[PDB]
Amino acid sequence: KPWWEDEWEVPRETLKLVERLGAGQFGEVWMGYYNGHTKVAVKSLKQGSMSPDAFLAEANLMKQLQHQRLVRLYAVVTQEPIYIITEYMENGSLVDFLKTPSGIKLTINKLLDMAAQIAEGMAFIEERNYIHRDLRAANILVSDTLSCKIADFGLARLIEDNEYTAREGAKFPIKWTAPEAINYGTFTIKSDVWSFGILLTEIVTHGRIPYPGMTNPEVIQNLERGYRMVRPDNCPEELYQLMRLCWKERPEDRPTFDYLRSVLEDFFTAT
């Protein structure tokens, strides 16, 4: 729909940007208010840093993917400077939150709860025929009630035919990305499943970098030998074995996110 018919379009005047949360090459992220009272996150595009079409493509995708477990699109301003306005998540990224004094005190029970919430979000994405491709604790946000939501849909894509193939030139974080995606650029929900396994290590280590003490070339070489990540300190063996399922060699052997959700809820209630 054009901007004058789009239910997400809001006049810029409805927004007051209050506190800057991040700034990068491509713009800024602000905590702000909509119509005086409603707290929102505002992501602004830095003119010229990247295509406005490419910028807004993330919002169009979020229009299609609405769920309690996914960070919700609130509004857009489609005239420069372009804003994507989303649900504000009071406890920030999961990776940061697990290091704070509150984060540090969380029991294994609560961490397992949070993991299940994430798999729940990812099971919705899976059901809808999407993939995320950037799944990692930095892209999970935490609410004031300590619930978790999937965030950052910049790389997320609808599939028609099982697979999205990236470019030859395209580069992805080695530690989080499935081997078939790094090697062939072929991404499926099963690649996201692999990333979820890595995300689990971040949860249980309170945000530590995966594959302790290893460079990227060492990670690639270890995996090719059939090794997987060494058991993190203080990881329940059950959870470790669940990570290993995520890291199966053949994508089709990796579990569904609905299975992962189910298992993690069992782990959580048993604890």
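For every residue, the number given is its place in the sequence shown, counted from 1. Only the largest set of C-alpha atoms that superpose within 1.5 Å between the two forms is called the rigid core.
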query = Comparing C-alpha positions in 9 other deposited structures of this protein against this form, with the rigid core used for the fit, which stretch differs more, 162 to 170 or 128 to 136?
reply = 162 to 170
inquiry  = Comparing against the shown form in 9 other deposited structures of this protein, which stretch has the larger RMS C-alpha deviation after a rigid core superposition, 212 to 220 or 22 to 30?
reply    = 22 to 30
ask   = On average, are the C-alpha B-factors higher in 167 to 175 or in 193 to 201?
value = 167 to 175
Which of 238 to 246 and 62 to 70 has higher mean CA B factor, as the PDB entry lists it = 62 to 70
inquiry  = Out of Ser49, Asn222, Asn216, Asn35, whose C-alpha atom has the biggest B factor in the entry?
reply    = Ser49
request  = In terms of CA temperature factor as recorded, identify the highest of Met229, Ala57, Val40, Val29.
outcome  = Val29
ask   = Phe153's Cα B-factor: lowest, middle or highest third of the chain?
value = middle
inquiry  = Test of reading the entry: by CA B factor among the chain's modelled residues, which third contains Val95?
reply    = middle
Third of the chain, ranked by Cα B-factor, where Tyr83 sits = middle
ask   = Can you tell me which third, lowest, middle or highest, the CA B-factor of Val263 falls into for its chain?
value = lowest
ask   = Which third, lowest, middle or highest, does the CA B-factor of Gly24 fall in along this chain?
value = highest
